[PDB]
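In each ligand, atom 1 is the first atom listed, and ligand 1 is the first ligand listed. Each chain gets a letter, A, B and so on, in the order its sequence line appears, and its residues count up from 1.
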Protein chains: 2
Amino acid sequence: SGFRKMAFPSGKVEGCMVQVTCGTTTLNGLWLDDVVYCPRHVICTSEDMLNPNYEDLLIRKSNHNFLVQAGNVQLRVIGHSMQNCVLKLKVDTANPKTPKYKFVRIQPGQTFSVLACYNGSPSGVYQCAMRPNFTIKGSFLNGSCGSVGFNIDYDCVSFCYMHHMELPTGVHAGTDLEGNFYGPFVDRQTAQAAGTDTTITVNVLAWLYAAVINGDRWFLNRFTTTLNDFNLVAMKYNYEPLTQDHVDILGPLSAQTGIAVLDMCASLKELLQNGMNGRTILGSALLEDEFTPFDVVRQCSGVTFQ
Amino acid sequence: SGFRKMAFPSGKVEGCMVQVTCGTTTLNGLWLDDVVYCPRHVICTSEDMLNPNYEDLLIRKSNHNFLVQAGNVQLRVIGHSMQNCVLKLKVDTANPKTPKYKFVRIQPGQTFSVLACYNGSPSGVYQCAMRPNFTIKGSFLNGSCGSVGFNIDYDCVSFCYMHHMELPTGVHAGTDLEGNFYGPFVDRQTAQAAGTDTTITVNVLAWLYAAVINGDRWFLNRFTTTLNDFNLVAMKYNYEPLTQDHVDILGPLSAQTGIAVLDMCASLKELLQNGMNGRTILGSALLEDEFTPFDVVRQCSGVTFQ
Ligand SMILES: O=C(NCC(=O)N1CCCCC1)Nc1ccc2nnsc2c1
Ligand SMILES: O=C(NCC(=O)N1CCCCC1)Nc1ccc2nnsc2c1
Ligand SMILES: [Cl-]
């Protein structure tokens, strides 16, 4: 019973978080085997960030300028390099708490957990999604850069996000663990604006299935629709177009509940056109789009990790 | 920037979770030093739960009937006793991952993190509150009993909740770690209904302060009010009466923002009487009441743990 925004257990990632200080900046790094990964803007002053030439700034840095601390103990840096927008600091000790892991570049609409950290110490954990405009709506303050996002599968941590920037609109931008930004964003203090923050239709529908599983049923109607008919309504409300691939992904939830996907689309259609009339669904007064189909099955299933 | 429902890092608690099986029931236990704590209904069959006599059922149990597993290794049970609604299983090995900890019985309105587990393995983490009717709105399936709720302060885990029951209405009931239920609930499969699920007024006001800190300002008005005037409106909307003690707790957020608490009460009053007119606050279309004042300061502050 019940449905909550649920993050993955964070312990496997907590054991990888370190502090990285270069000259005057301190942020977080990720220690996996004998490499510490962090944002390359650790090498910049606040002034540098208006027009940084990272290769030039890096030339004035040596291994011993990167002060890396795992809890109370210092790590010895024996090499460094820049890969896209991250630095890889080779250290002389493999992290003994390195979990089984992979680096993944996620697609928009996918969800992940964030372990917010400051000065190398974990502060909290919450659940995000990669938005269709390639921002995330996180909770990050100064000093949180280098905090990571991840998913877990059985005993493997798939790292998908590293936090680098806050846009002037208060949303967040960052990279995969190869250091390539999601979307068009850059690690410069400049005018970069987010595009339309469209709604992840397949996730809304998954959440509606979660609601039915839990007794919230008032929005089910006698109607059905078609993909093309539904998508005229999605367009008007700045929803992603629903594809047959989405329908196929919702197959398991459809079979579990006996509600055809297109029937659920017709319920969503009525919700978009008429609103919720002051009612709630799973404790929400709006249509939630940061649960994936897999998220719903998992929470409705009890899937565990190690 | 940003405000999220944020749980504590779960690693310190993950290291304490074990599996407890008695005869035919398997749920979760909490391993701290050389004691494993779990719900006493691990000793019951599904049939027993309609009218269990726990002392009588316990007489037919010995140490070796309690099969306790921490990951893949078996723990040896060398004594057992019942304390209120929990069992304490003495084992012959102190948990090497025992964090610094305390047991606390929380008051309604306080928040905590839940580490949902199945078969001794962590599944996810989320943020709850103790409701004024002494339920919690969690996400628990069969097998999650024994999962715990906790807060962290510096390096100390304060355990406050153990999960025992699901009410027929889909909300959740449980105990502190001394085994005393929150509220009037019992570990019997019977008619126990929840009282009024009132709203935690001081938490709504804290969240409104969080919203102002973050740029969400449209609900600020030119009005003020008094405690007694505001509370006539709280009563009508099934809000907790606001006390001077609540006002004093909101002092830090008031000082940070320069908005007098009673001015914020007048904004909340207008929100209760007029609604949100289809607008949102911090991504929500309703008035959120599961952030405490301390929660807001913490997330708006960057407070870290170890
Ligand atoms: O350097 C910035 N902040 C200060 C800082 O923590 N460091 C700067 C030195 C390098 C690493 C650490 N840049 C920034 C922040 C928020 C923004 N919101 N809109 S533009 C924008 C730019
Ligand atoms: O025993 C129940 N469930 C089955 C079970 O997991 N075990 C029973 C044996 C002892 C431990 C494990 N009781 C219950 C559940 C949900 C309810 N919702 N409303 S009443 C109500 C009663
Ligand atoms: Cl909402």
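Considering backbone and side-chain N/O of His41(A), none are found under 3.5 Å from N/O of ligand 1. In terms of polar-atom proximity, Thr190(B) is not counted as a contact of ligand 2, lacking any N or O under 3.5 Å from an N or O of the ligand. Annotation: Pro168(B) places an N or O atom under 3.5 Å from an N or O atom of ligand 2; distance criterion only. By the 3.5 Å distance cut-off applied to N or O atoms, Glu166(A) is counted among the residues near ligand 1.
Residue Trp207(B) is tested with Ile281(B), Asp289(B), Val212(B), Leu268(B) for a side chain to side chain contact (heavy atoms under 4.5 Å, CB included); the sole match is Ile281(B).
With distances taken over non-hydrogen atoms, the option nearest atom 22 (C) of ligand 2 out of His172(B), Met49(B), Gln189(B) is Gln189(B).
In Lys61(B), the NZ atom is crowded: over 12 heavy atoms of neighbouring residues, nucleotides or ligands sit closer than 6.0 Å.
Between atom OG1 of residue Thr135(B) and atom CE of residue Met165(B) there is a gap of 14.0 Å, rounded to the nearest 0.5 Å.
Under the 4.0 angstrom criterion, atom 3 (N) of ligand 1 counts as lacking any protein heavy-atom contact. The protein reaches atom 18 (N) of ligand 2 closely, with a heavy atom under 4.0 angstrom from it.
In this pair, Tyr126(A) and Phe140(A) present their aromatic rings perpendicular. The plane angle is above 60°, beyond the 30 to 60° band. The aromatic rings of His163(A) and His172(A) sit perpendicular to each other, their planes meeting at more than 60°, with 30° as the lower class boundary.
Taking every non-hydrogen atom of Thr45(A) and a distance limit under 4.0 Å, the qualifying atoms of ligand 1 come out as 9 (C). Every atom of ligand 1 with a heavy atom of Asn142(A) under 4.0 Å away is listed here by number and element: 4 (C), 5 (C), 6 (O). Applying the 4.0 Å criterion to heavy atoms of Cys44(B) picks out, from ligand 2, the atoms 9 (C), 10 (C).
The protein heavy-atom contact nearest to atom 12 (C) of ligand 2 is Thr25(B) CG2, 3.4 Å. Of the protein's non-hydrogen atoms, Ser46(B) OG, 4.4 Å is the one closest to atom 7 (N) of ligand 2.
Shown here for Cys38(B) and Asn28(B), the closest heavy-atom pair between the two residues is CB-O, 3.6 Å. Across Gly109(B) and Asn203(B), no two heavy atoms sit closer than the pair O-ND2, 3.0 Å.
Salt-bridge check for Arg131(A) with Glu290(A): passed, with a basic side-chain N closer than 4.0 Å to an acidic carboxylate O.
In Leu167(B), the part holding a heavy atom less than 4.0 Å from any atom of ligand 2 is the backbone.
Residues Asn277(A) and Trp218(A) fail the side-chain proximity criterion, which asks for heavy atoms closer than 4.5 Å.
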